[PDB]
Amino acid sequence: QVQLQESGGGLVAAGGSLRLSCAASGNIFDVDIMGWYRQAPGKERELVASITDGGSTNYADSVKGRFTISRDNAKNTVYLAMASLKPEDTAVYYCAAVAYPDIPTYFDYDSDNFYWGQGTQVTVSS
């Protein structure tokens, strides 16, 4: 299995900053693509940001210009540097990662080569 441990959540005032981390453990090979998802209460889950092993990032329109996602391919860790946090961003942020086995056939009927994390709470109060 490819486990994902996330850390950095916390209750911060409105307009503050935060930096979420997520290191991939248990992978013999490098993770392909990692990113962050958040689930607002009563609302469906959405993709916040993702970054590939090359450095290409894709941000959502609700966090573009504020959140800055980065990673370190050596340690297989992704960092979500959140700035100017709004009370709309109050959600449980989940970590995601795509890791393929050796000699990958790109077919996985067990986990679709996709692995999640436990979840860290991020609350932004007024």
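The numbering used is simple: start at 1 and walk along the sequence shown.
Colleague: Between 39-47 and 77-85, point out the one with the higher average CA B-factor as the PDB entry records it.
Modeller: Averaging CA B-factors over each stretch, the winner is 39-47.
Colleague: Which is higher on mean Cα B factor in this entry, 22-30 or 92-100?
Modeller: For C-alpha atoms only, the mean B-factor is higher in 22-30.
Colleague: Sort the modelled residues of this chain by their C-alpha B factor and say whether residue 64 lands in the lowest, middle or highest third.
Modeller: Ranked within chain, residue 64 CA B lands in the highest tercile.
Colleague: For residue 2, return the chain-relative third of its C-alpha B-factor as stated in the PDB record: lowest, middle or highest.
Modeller: For residue 2, the deposited C-alpha B-factor lands in the highest third.
Colleague: Considering every modelled residue of the chain and its Cα B-factor in the PDB entry, is residue 9 in the lowest, middle or highest third?
Modeller: Middle third.
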